[PDB]
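Notes for the one structure printed next.
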Amino acid sequence: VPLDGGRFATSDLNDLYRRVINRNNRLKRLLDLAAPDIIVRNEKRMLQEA
Amino acid sequence: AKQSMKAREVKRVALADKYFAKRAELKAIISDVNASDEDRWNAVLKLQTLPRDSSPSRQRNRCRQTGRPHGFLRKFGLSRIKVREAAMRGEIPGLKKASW
Amino acid sequence: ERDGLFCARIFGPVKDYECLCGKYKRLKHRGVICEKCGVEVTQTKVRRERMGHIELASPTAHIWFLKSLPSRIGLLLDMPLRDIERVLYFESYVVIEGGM
Amino acid sequence: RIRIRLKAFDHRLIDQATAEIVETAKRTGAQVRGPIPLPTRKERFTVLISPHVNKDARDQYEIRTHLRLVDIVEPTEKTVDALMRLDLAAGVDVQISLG
Amino acid sequence: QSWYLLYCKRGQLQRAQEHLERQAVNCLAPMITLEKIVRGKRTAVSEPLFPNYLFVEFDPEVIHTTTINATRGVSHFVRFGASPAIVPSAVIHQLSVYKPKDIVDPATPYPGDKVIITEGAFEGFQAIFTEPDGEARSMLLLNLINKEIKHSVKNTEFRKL
DNA sequence: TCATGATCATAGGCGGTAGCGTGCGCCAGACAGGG
DNA sequence: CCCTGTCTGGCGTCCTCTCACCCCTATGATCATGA
């Protein structure tokens, strides 16, 4: 929705989906360039919680 | 034409497709004047070994609809009879009866 | 922005028969899709019904089957909910294929 | 400079296509060269019309491939780029070539 | 007082690591070079590969954390559980020198890349950098009914105009 | 001509080297404590 | 295993009307002025 002020106070759903896609793209990049042994775990915890 | 003839041709075409690189290489070798005699002989014998249907000069152009060997035309891939039918029926683009 | 949350080539055109790139707007030219933006010039009602998917990089436990009291994953595995929460949040280890 | 070679069997259609490209050019850029008509290729064919044998019985068809040379002297940013989205009517093979 | 992997913050090592490397404190993160044409300019920066993952050596009890909280380097410990998990230092011990994966400069292009080549009017089609020769200009990698020309575009432009 | 200072424009999720929360209430059913 | 306490989930009227509110702060870059 526009609030007629040049900005979009967004709905909560786009914020949630945006958080999941941020965290998922960062997890794809961290599985790409190899995870530091006992490390590819915090990012998956963050994705599960998002 | 028969089904069998069409099949034979298809086969021949397939074989031409298959052995083109090798046969061409062999022809080149045989031609090459700057080359060993024994090598040239090996090449001509090797050409003999390859299948005969491998040659492009074996395959006859037929009508793509009827398989009729004679009366063929290249631009259309059809024999005169079917080509005329096509002109009449409108399915060949651009083609119309010509007078001058 | 292609292809974020609000898209055009995932979910459809913003305006009716109004292709993002703009190339089709005829009454006798309906059905053909766009080539530039690849947006099928149709209606904007289709942005109410097309869904997209996210490929999660690692699998993810649904919350409604984990914490609904009773836990369906809980009394499916014959396993209490505290062990499943300590496995699903990466702070323990559960055994699969324990061997001899 | 952009040479453009329009080819088609129908001459009215090719003419229409020539016009349209000219408009596309003129609005964006400047100094369109012009729609020069090259020679037409009249590829003729003779065939026997009898199924079996009547040799003097024949039909003589032809295909008239028409050529239109359109040229653009100043390629700007906007102009060349227009053409990408501006597809022409079908049955008209165009051939653009810059330089 | 040992090596521990912490989710941290970025770019300002030397101050929380002033707290740290005031001692013989140890710190490490995976590594990568970045060639990134930031704004019309190729920039080369061999920065740590990872986000906030970082190895720090310190000692838990006597120095309590909330005092040190006011600084970066603090998202939280590697846990896999409630307690701050004692991390291995696999790179330090048995994996010192690496990143032969590539210097891909994650998603930023090298020569021959297939992405957007033009914006403004002519864009609505992924034309192609058959070569990012030099970020300057050419005539596009466009393909209609003739020869496929390469870029039509000026410095900041051939990529995302 | 070069360097420094000031002003304007554009860009993200406790703010901090801790602690904030504190004035509903019932029912109910599962999870677990004690024995 | 048989209670018995704890815990955390659920739920808590309808319809209408009005009003405000819906980033500011920090950092970086560019331009102008002074030496």
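We name chains A, B, ... following the order of the structure tokens; residues begin at 1 in each chain, and ligands are numbered from 1 as shown.
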Practice problem: Compile the residues of chain F that lie within 10 Å of chain E, evaluated using only C-alpha atoms (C1' of nucleotides), and express the compilation as a PyMOL selection string. | Solution: chain F and resi 15-19
Counting only C-alpha atoms, which residues of chain C sit at most 7 Å from some atom of chain A, and what is each one's closest atom pair with its distance in Å to one decimal, listed by chain and rising residue number, as a Markdown table?
```
| residue | atom | partner | partner_atom | distance |
| --- | --- | --- | --- | --- |
| C:56 | CA | A:24 | CA | 6.6 |
| C:57 | CA | A:28 | CA | 5.9 |
| C:60 | CA | A:48 | CA | 5.8 |
| C:89 | CA | A:45 | CA | 5.5 |
| C:90 | CA | A:45 | CA | 6.3 |
```
Those same residues - N, CA, C and O atoms - I'd like them written as a PDB file, in the first residue's frame.
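Result file is part.pdb:
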```pdb
ATOM      1  N   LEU C  56      14.555 -24.077  -0.787  1.00  0.00           N
ATOM      2  CA  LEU C  56      15.379 -23.945   0.402  1.00  0.00           C
ATOM      3  C   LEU C  56      16.675 -24.717   0.228  1.00  0.00           C
ATOM      4  O   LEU C  56      16.679 -25.849  -0.261  1.00  0.00           O
ATOM      5  N   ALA C  57      17.784 -24.083   0.617  1.00  0.00           N
ATOM      6  CA  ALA C  57      19.093 -24.690   0.422  1.00  0.00           C
ATOM      7  C   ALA C  57      19.302 -25.885   1.321  1.00  0.00           C
ATOM      8  O   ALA C  57      20.040 -26.807   0.973  1.00  0.00           O
ATOM      9  N   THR C  60      13.823 -28.006   6.146  1.00  0.00           N
ATOM     10  CA  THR C  60      13.322 -27.101   7.166  1.00  0.00           C
ATOM     11  C   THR C  60      12.062 -27.678   7.775  1.00  0.00           C
ATOM     12  O   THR C  60      11.142 -28.044   7.048  1.00  0.00           O
ATOM     13  N   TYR C  89      17.215 -27.532  16.184  1.00  0.00           N
ATOM     14  CA  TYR C  89      17.823 -26.216  16.295  1.00  0.00           C
ATOM     15  C   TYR C  89      19.336 -26.299  16.432  1.00  0.00           C
ATOM     16  O   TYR C  89      19.960 -25.367  16.944  1.00  0.00           O
ATOM     17  N   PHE C  90      19.909 -27.425  15.999  1.00  0.00           N
ATOM     18  CA  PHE C  90      21.346 -27.602  15.798  1.00  0.00           C
ATOM     19  C   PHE C  90      22.137 -27.436  17.092  1.00  0.00           C
ATOM     20  O   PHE C  90      23.113 -26.693  17.160  1.00  0.00           O
TER      21      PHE C  90
END
```
Do me a favour and pick out the residues of chain G within 12 Å of chain A, using only C-alpha atoms (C1' of nucleotides), as a PDB file with N, CA, C and O atoms (P, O5', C5', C4', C3', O3' and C1' of nucleotides), in the first residue's frame.
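Full text of iface.pdb as output:
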```
ATOM      1  P    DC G  21       0.594  13.739  14.220  1.00  0.00           P
ATOM      2  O5'  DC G  21       1.212  12.297  13.944  1.00  0.00           O
ATOM      3  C5'  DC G  21       1.231  11.334  14.984  1.00  0.00           C
ATOM      4  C4'  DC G  21       1.668   9.990  14.453  1.00  0.00           C
ATOM      5  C3'  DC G  21       2.487  10.045  13.166  1.00  0.00           C
ATOM      6  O3'  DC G  21       3.760   9.498  13.401  1.00  0.00           O
ATOM      7  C1'  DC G  21       0.841   8.345  13.081  1.00  0.00           C
ATOM      8  P    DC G  22       5.044  10.057  12.618  1.00  0.00           P
ATOM      9  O5'  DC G  22       5.466   8.822  11.702  1.00  0.00           O
ATOM     10  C5'  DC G  22       5.052   7.485  12.042  1.00  0.00           C
ATOM     11  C4'  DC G  22       5.041   6.609  10.810  1.00  0.00           C
ATOM     12  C3'  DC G  22       5.257   7.349   9.491  1.00  0.00           C
ATOM     13  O3'  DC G  22       6.638   7.539   9.134  1.00  0.00           O
ATOM     14  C1'  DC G  22       3.511   5.682   9.306  1.00  0.00           C
ATOM     15  P    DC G  23       7.783   6.464   9.516  1.00  0.00           P
ATOM     16  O5'  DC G  23       8.971   6.844   8.524  1.00  0.00           O
ATOM     17  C5'  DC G  23       9.646   8.112   8.625  1.00  0.00           C
ATOM     18  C4'  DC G  23      10.359   8.230   9.952  1.00  0.00           C
ATOM     19  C3'  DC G  23      11.574   9.150   9.938  1.00  0.00           C
ATOM     20  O3'  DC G  23      11.806   9.693  11.242  1.00  0.00           O
ATOM     21  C1'  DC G  23      12.251   6.840  10.003  1.00  0.00           C
TER      22       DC G  23
END
```
Once you count only C-alpha atoms, what closest atom pair and distance in Å to one decimal does each residue of chain B within 6 Å of chain D have, with rows by chain and rising residue number, as a tab-separated table?
```
residue	atom	partner	partner_atom	distance
B:80	CA	D:47	CA	5.7
B:94	CA	D:9	CA	5.1
B:95	CA	D:63	CA	4.8
B:96	CA	D:61	CA	5.3
B:97	CA	D:61	CA	4.3
B:98	CA	D:61	CA	4.9
```
- Task: Pick out the residues sitting within 10 Å of residue 159 (chain E), and hand them over as a list in words; count only C-alpha atoms (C1' of nucleotides), and ignore anything fewer than 5 positions along from it in its own chain.
- Result: residues 109, 113, 114, 115, 116, 117, 118, 119, 127, 128, 129, 132, 135, 151, 153 and 154 of chain E
Export of the given selection (C-alpha atoms) as a PDB file, in the first residue's frame:
```
ATOM      1  CA  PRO E 109      31.296 -11.001 -13.674  1.00  0.00           C
ATOM      2  CA  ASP E 113      29.554 -13.565 -18.563  1.00  0.00           C
ATOM      3  CA  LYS E 114      25.867 -13.987 -19.612  1.00  0.00           C
ATOM      4  CA  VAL E 115      23.752 -11.188 -17.986  1.00  0.00           C
ATOM      5  CA  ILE E 116      21.985  -7.852 -18.820  1.00  0.00           C
ATOM      6  CA  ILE E 117      23.907  -5.798 -21.464  1.00  0.00           C
ATOM      7  CA  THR E 118      21.584  -2.758 -21.940  1.00  0.00           C
ATOM      8  CA  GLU E 119      18.922  -0.769 -19.972  1.00  0.00           C
ATOM      9  CA  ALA E 127      22.036  -9.524 -24.688  1.00  0.00           C
ATOM     10  CA  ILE E 128      25.566 -10.694 -23.973  1.00  0.00           C
ATOM     11  CA  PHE E 129      28.925  -9.515 -22.876  1.00  0.00           C
ATOM     12  CA  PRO E 132      33.716  -7.341 -21.046  1.00  0.00           C
ATOM     13  CA  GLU E 135      34.001  -1.356 -19.329  1.00  0.00           C
ATOM     14  CA  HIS E 151      28.269  -4.304 -26.601  1.00  0.00           C
ATOM     15  CA  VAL E 153      27.420   0.821 -24.361  1.00  0.00           C
ATOM     16  CA  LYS E 154      29.635   3.138 -22.336  1.00  0.00           C
TER      17      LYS E 154
END
```
- Query: In Å to one decimal, how far is CA of residue 140 (chain E) from CA of residue 37 (chain C)?
  - Reply: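 Value for the CA of residue 37 (chain C)-CA of residue 140 (chain E) distance: 17.6 Å.
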>> If DSSP is run on the backbone, what residues of region 16-96 of chain D are strand (DSSP E)? A reply as a count of residues only would be ideal.
In response: 32
For chain G versus chain C, which residues have an atom no more than 12 Å away, and what is each residue's nearest atom pair and distance in Å rounded to one decimal, using only C-alpha atoms (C1' of nucleotides), chain-then-number order, as a tab-separated table?
```
residue	atom	partner	partner_atom	distance
G:7	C1'	C:69	CA	12.0
G:8	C1'	C:69	CA	9.4
G:9	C1'	C:69	CA	7.7
G:10	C1'	C:69	CA	10.9
```
How about saving the chosen residues, C-alpha atoms (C1' of nucleotides) kept, as a compact mmCIF listing (two decimals), in the first residue's frame?
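Result saved to part.txt:
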```txt
# COMPACT_ATOMS: atom_id res chain seq x y z
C1' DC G 7 3.35 -25.43 32.13
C1' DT G 8 1.82 -23.46 28.17
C1' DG G 9 -1.57 -23.38 25.00
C1' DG G 10 -6.38 -21.69 23.88
```
Considering only C-alpha atoms, give me a table of residues in chain D that are at most 10 Å from chain C, with the closest atom pair and distance in Å for each, as a tab-separated table.
```
residue	atom	partner	partner_atom	distance
D:84	CA	C:36	CA	8.4
D:85	CA	C:23	CA	6.7
D:86	CA	C:23	CA	7.2
D:87	CA	C:23	CA	8.5
```
Long-range neighbours of residue 8 (chain E) as a short mmCIF file (atom, residue, chain, number, x, y, z; two decimals) with N, CA and C atoms, in the first residue's frame, 7 Å cut-off, only C-alpha atoms (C1' of nucleotides), 6 positions minimum in chain:
```
data_model
loop_
_atom_site.label_atom_id
_atom_site.label_comp_id
_atom_site.auth_asym_id
_atom_site.auth_seq_id
_atom_site.Cartn_x
_atom_site.Cartn_y
_atom_site.Cartn_z
N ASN E 52 29.90 -12.80 9.39
CA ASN E 52 30.43 -12.49 10.72
C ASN E 52 31.20 -13.59 11.46
N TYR E 53 31.21 -14.83 10.96
CA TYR E 53 32.08 -15.88 11.51
C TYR E 53 33.50 -15.38 11.70
N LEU E 54 34.02 -15.47 12.93
CA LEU E 54 35.40 -15.05 13.19
C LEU E 54 35.93 -15.73 14.45
N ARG E 72 31.84 -4.26 18.65
CA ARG E 72 31.50 -5.25 17.63
C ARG E 72 32.15 -6.59 17.94
N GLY E 73 32.13 -7.47 16.94
CA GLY E 73 32.59 -8.82 17.14
C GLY E 73 31.59 -9.68 17.88
N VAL E 74 30.36 -9.22 18.02
CA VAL E 74 29.40 -9.81 18.94
C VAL E 74 28.07 -9.99 18.23
N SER E 75 27.85 -11.18 17.66
CA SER E 75 26.48 -11.63 17.42
C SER E 75 26.09 -12.73 18.41
N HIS E 76 26.83 -13.85 18.40
CA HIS E 76 26.95 -14.77 19.54
C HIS E 76 27.80 -15.99 19.20
#
```
### Task
Once DSSP has gone over the backbone, tell me which residues of chain C are in alpha helix (DSSP H), as a list in words.
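DSSP on the backbone gives alpha helix (DSSP H) at residues 74, 75, 76, 77, 81, 82, 83, 84, 85, 86, 87 and 88 of chain C.
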I need the chosen residues saved as an mmCIF file, in the first residue's frame, with N, CA and C atoms.
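Heads up, here's the output in part_14.cif:
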```
data_model
loop_
_atom_site.group_PDB
_atom_site.id
_atom_site.type_symbol
_atom_site.label_atom_id
_atom_site.label_comp_id
_atom_site.auth_asym_id
_atom_site.auth_seq_id
_atom_site.Cartn_x
_atom_site.Cartn_y
_atom_site.Cartn_z
ATOM 1 N N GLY C 74 6.248 -35.623 16.956
ATOM 2 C CA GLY C 74 6.511 -36.184 18.265
ATOM 3 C C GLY C 74 5.981 -37.589 18.450
ATOM 4 N N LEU C 75 4.667 -37.767 18.381
ATOM 5 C CA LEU C 75 4.090 -39.089 18.557
ATOM 6 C C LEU C 75 3.933 -39.839 17.244
ATOM 7 N N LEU C 76 4.663 -39.434 16.207
ATOM 8 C CA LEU C 76 4.925 -40.306 15.072
ATOM 9 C C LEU C 76 6.232 -41.070 15.240
ATOM 10 N N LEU C 77 7.294 -40.380 15.660
ATOM 11 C CA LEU C 77 8.605 -40.987 15.841
ATOM 12 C C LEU C 77 8.748 -41.777 17.124
ATOM 13 N N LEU C 81 9.061 -34.254 22.702
ATOM 14 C CA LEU C 81 9.229 -33.010 21.958
ATOM 15 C C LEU C 81 10.525 -32.289 22.304
ATOM 16 N N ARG C 82 11.076 -32.509 23.499
ATOM 17 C CA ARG C 82 12.287 -31.793 23.880
ATOM 18 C C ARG C 82 13.501 -32.287 23.100
ATOM 19 N N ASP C 83 13.580 -33.590 22.835
ATOM 20 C CA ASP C 83 14.671 -34.108 22.016
ATOM 21 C C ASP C 83 14.552 -33.621 20.578
ATOM 22 N N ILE C 84 13.329 -33.512 20.062
ATOM 23 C CA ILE C 84 13.154 -33.066 18.685
ATOM 24 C C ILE C 84 13.468 -31.584 18.557
ATOM 25 N N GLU C 85 13.139 -30.782 19.578
ATOM 26 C CA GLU C 85 13.552 -29.386 19.542
ATOM 27 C C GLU C 85 15.052 -29.223 19.723
ATOM 28 N N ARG C 86 15.698 -30.081 20.508
ATOM 29 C CA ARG C 86 17.142 -29.960 20.614
ATOM 30 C C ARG C 86 17.874 -30.507 19.398
ATOM 31 N N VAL C 87 17.225 -31.316 18.566
ATOM 32 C CA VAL C 87 17.855 -31.720 17.307
ATOM 33 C C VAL C 87 17.584 -30.708 16.202
ATOM 34 N N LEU C 88 16.367 -30.179 16.107
ATOM 35 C CA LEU C 88 16.011 -29.310 14.995
ATOM 36 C C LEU C 88 16.628 -27.922 15.064
#
```
Computed gap from CA of residue 7 (chain E) to CA of residue 61 (chain C) is 23.4 Å
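Counting from CA of residue 10 (chain C), the distance to CA of residue 27 (chain C) is 24.5 Å.
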Considering only C-alpha atoms, tabulate each residue of chain E that lies at most 12 Å from chain A along with its nearest interatomic pair and the corresponding distance in Å to one decimal; arrange the rows by chain and ascending residue number and present them as CSV.
```
residue,atom,partner,partner_atom,distance
E:4,CA,A:39,CA,11.5
E:5,CA,A:39,CA,8.5
E:6,CA,A:39,CA,9.9
E:7,CA,A:42,CA,8.6
E:28,CA,A:36,CA,10.9
E:29,CA,A:36,CA,8.7
E:30,CA,A:36,CA,7.7
E:31,CA,A:33,CA,9.9
E:32,CA,A:33,CA,9.4
E:48,CA,A:33,CA,11.7
E:49,CA,A:33,CA,8.0
E:50,CA,A:30,CA,7.4
E:51,CA,A:30,CA,8.8
E:52,CA,A:43,CA,10.8
E:53,CA,A:39,CA,8.3
E:54,CA,A:36,CA,10.3
E:55,CA,A:36,CA,10.8
E:75,CA,A:42,CA,11.1
E:76,CA,A:42,CA,9.9
E:77,CA,A:42,CA,9.3
E:78,CA,A:42,CA,6.9
E:79,CA,A:42,CA,7.7
E:80,CA,A:41,CA,7.2
E:81,CA,A:42,CA,10.4
E:85,CA,A:38,CA,10.1
E:86,CA,A:38,CA,10.3
E:87,CA,A:38,CA,7.4
E:88,CA,A:38,CA,7.3
E:89,CA,A:37,CA,8.9
E:90,CA,A:37,CA,7.0
E:91,CA,A:36,CA,7.8
E:92,CA,A:36,CA,11.0
E:94,CA,A:37,CA,11.4
E:95,CA,A:36,CA,9.9
E:96,CA,A:36,CA,11.7
E:98,CA,A:34,CA,10.7
E:99,CA,A:33,CA,8.2
E:100,CA,A:33,CA,9.8
E:101,CA,A:33,CA,6.9
E:102,CA,A:33,CA,8.5
E:103,CA,A:33,CA,9.8
E:104,CA,A:33,CA,9.5
E:105,CA,A:33,CA,10.5
E:106,CA,A:29,CA,7.9
E:107,CA,A:29,CA,9.7
```
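Near chain C, counting only C-alpha atoms at 9 Å, the chain E residues are residues 79, 80, 81, 82, 83, 121, 123, 124, 125 and 126 of chain E.
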Within 6 Å of chain D, which residues of chain E are there when counting only C-alpha atoms? Please give them as a ChimeraX atom specification. /E:122,145-146
